[PDB]
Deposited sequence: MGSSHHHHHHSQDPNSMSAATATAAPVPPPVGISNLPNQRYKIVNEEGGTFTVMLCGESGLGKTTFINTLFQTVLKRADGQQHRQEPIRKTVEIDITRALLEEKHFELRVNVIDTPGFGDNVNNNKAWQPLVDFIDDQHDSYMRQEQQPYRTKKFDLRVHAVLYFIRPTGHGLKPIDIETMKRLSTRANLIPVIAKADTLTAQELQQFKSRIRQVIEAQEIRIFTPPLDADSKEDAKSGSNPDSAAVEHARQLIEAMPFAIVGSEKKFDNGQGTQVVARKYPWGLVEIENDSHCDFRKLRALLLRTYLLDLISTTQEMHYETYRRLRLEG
C-alpha cells in the first residue's frame, strides 16, 4: 500500500487492552421481600456461591464483596442485599435504608472527587437494582410502587418477576402486562438498553424479566447436565428462553449492556445527584 495506512483502526483494540488490564467493577442491589429466590438468582448468574431470630425484622443493607475472574478479566462484584424489606406487618418506609444507601454512595463519590489527592477511589455507586416481585399473578403492590418510584430516580431500576415457574404462560403474560401498565402510569423510569437493535428490542419486550433460578443441574434428555428446577411433572431449564428470561437478564446485566449500566449510573443518576446537592 502506498501510503501504508495509519493505525486509527487499531484504537478500539488499544482501549480493549486497557480495559482488560484495569478490570471492572459491578454493584447490584437485590431489593425484595424474603423468599423470592434472590440469593439463588445471584448464585445462578455468576455460576458460583457468593451468598450462603426476632419475628420483626429491621430493614438493613448487607454487602457481599467478591472478586471473579474469567478469561483473565477480573470483575469486582458488590452484591447489596436488603434483609427485612417488606417482611413485617408494618413495612412503612422500608425503602428508606435502600434509597439512603444509594444516595450515600453517590455523595461519597462526589466528595472523593473533590479531594486535592483522589488517587484511591472507593466506588460503591449501585450500577443496577433488581426489584423482585412476588408472582401473585395480579399486579404491583403499594410497597412495590412506592419503593420502585423512589429507586428509579437514583439508580438503574430493573423490575423482575421472582419464581416465574410458579405462573403459567397466560398468567405470566397478564402479570407482565399489568406491571408494565403500572410502571408507565406511575411514571417510574426503568433501565432500558440503548436502541442504536432487534436483540435490544426483544430484551425490552420481555420486561419485567421472568426469573427462575437454580444452583443444581439435571439431565435435559440429550445426555447433557443443564441448570434447572426438577418438578415431578417437568424440568424448568434456566437457559431455555421459553421457560424464563434469565438469559435476557444476563445479556442486560453482564454479557451486552454492563457498560451501559455503569455509564448511565455515572453520567445520569450520579450527575443528577451531584447537581442537586451542589445547587
Without any C-alpha position in the structure, which residue ranges of the deposited sequence would you list, numbering from 1? 1-25, 78-85, 230-246, 330
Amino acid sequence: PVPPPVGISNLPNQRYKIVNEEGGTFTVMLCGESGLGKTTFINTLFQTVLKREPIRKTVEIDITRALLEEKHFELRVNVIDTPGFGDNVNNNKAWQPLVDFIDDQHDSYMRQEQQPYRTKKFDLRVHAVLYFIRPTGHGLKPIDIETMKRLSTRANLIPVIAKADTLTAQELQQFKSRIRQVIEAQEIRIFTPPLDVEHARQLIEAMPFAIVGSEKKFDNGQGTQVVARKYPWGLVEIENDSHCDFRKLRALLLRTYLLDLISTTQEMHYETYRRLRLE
From here on, numbers count along this sequence of modelled residues.
Averaged over C-alpha atoms, is the B-factor higher for 103-111 or for 155-163 in this PDB entry? 103-111
Using the B-factors recorded in the PDB entry, average over the C-alpha atoms of 5-13 and of 266-274, then report which stretch comes out higher. 5-13
From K149, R118, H127, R178, the top C-alpha temperature factor is at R118
From the entry's CA B-factor values, the highest among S34, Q225, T27, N43 is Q225
Ranked C-alpha temperature factor of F122 among modelled chain residues, by third: highest
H243, C-alpha B-factor rank within chain (lowest, middle or highest third): middle
Mind checking which third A94 falls in for C-alpha B-factor across the chain? middle
Just say lowest, middle or highest third for the CA B-factor of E198 relative to the other modelled residues in its chain. highest
Ranked against its chain, the third holding the CA B-factor of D81: middle
